[PDB]
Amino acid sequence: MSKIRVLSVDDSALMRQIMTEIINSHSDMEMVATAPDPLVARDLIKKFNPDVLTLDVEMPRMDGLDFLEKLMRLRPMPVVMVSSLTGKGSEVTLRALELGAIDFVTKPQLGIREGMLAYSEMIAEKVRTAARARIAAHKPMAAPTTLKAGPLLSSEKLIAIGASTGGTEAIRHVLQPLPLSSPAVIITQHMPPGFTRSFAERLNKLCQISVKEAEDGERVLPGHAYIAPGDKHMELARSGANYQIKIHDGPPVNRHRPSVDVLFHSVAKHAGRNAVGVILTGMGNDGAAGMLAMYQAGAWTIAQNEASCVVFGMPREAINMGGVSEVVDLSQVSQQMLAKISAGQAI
């Protein structure tokens, strides 16, 4: 029944109990133990061989970054982060992700300013995703230099991208190598609000291209990557004869807001044959239908291969719909999307 064994690490007693209560309230999981710090966690992980580790990083002394840093280095396993939306919460939470956490759950200090059940189902599904996750896709890997040269394409050229679980790391590998002369890239990463901005700001540092959180009405131009905001949907629009970002609060699609379908459908519509689409690591089918539509309007579509994905769900679905032109290794995606958008069409 409750085959998933979890070890949570929280300095707070009440927090350590809340986590066990909610974990044990589901039939497919159980709390094997809890640890107050990265030292005791090391000990009880060795003893209980748990499947999933939940890491609350907001603890003073030696925090979860240097243990998590060594946990994944010397014999890794599935780790699900716990956050405090707030400012450092993100930076640290993205650090952990860039370090190896599979995913994260949010709870502003307490299950405060938010509701317990929704929180328990969030915890529940994240632990499932982490329990089946392809931990080997997170093997340390130099992102490519790969593509790094070239001149400006027609402004009709665009690259649209969707991702979820593990996307934060995947996205970096697709964007980092791009040159400042690259076509616009519009991206929907299933992420909570606020986190999306911090994410955008971390990429912006690591990349040559500019990376920012998309905003309603703004122009879509080369040398830029546009990250959709959490709890809002993002799509491509057109004013006159130029693209522009469009942000809206429509209902979640595929029970997601921002949704990759919502975005891909608008691209099929306004960019058509002048786009390239890439579906990356994630769970569920968000992006599959919207991607077929891109393929139908004329776009060359790319899906991340299974051995590259922490979660093959999303790419898989897109592929099984016949909406994909080719499956690429994550380490070739940047060079392939850039080479696809750069051949013809302006003419």
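We number the residues from 1 along the sequence you see.
J.: Between 116-124 and 201-209, name whichever shows the higher mean Cα B factor according to the PDB entry.
T.: That would be 116-124.
J.: Test of understanding: from the entry's C-alpha B-factors, which stretch has the higher mean, 172-180 or 229-237?
T.: Per the deposited B-factors, the answer is 229-237.
J.: Based on what the PDB entry reports, which of 339, 19, 330, 324 has the top C-alpha B-factor?
T.: In this record, 19 carries the highest C-alpha B-factor of the candidates.
J.: If you compare 223, 272, 250, 144, which has the highest Cα B-factor in the entry?
T.: Reading the PDB entry, the winner on C-alpha B-factor is 250.
J.: Name the third of the chain's ranked CA B-factors that contains residue 66, choosing lowest, middle or highest.
T.: For residue 66, whose C-alpha B-factor we compare with every modelled residue in the chain, the answer is the highest third.
J.: Determine, from the deposited record, the chain-internal third of the Cα B-factor for residue 60: lowest, middle or highest.
T.: As the PDB entry reports it, the C-alpha B-factor of residue 60 lands in the highest third of its chain.
J.: Based on the deposited C-alpha B factors for this chain, I'd like to know if residue 91 is in the lowest, middle or highest third.
T.: Its C-alpha B-factor, which the entry lists for residue 91, ranks in the highest third among residues of this chain.
J.: Just say lowest, middle or highest third for the CA B-factor of residue 216 relative to the other modelled residues in its chain.
T.: Middle third.
J.: By its CA B factor, does residue 160 count among the lowest, middle or highest third of the modelled residues in the chain?
T.: Ranked within chain, residue 160 CA B lands in the lowest tercile.
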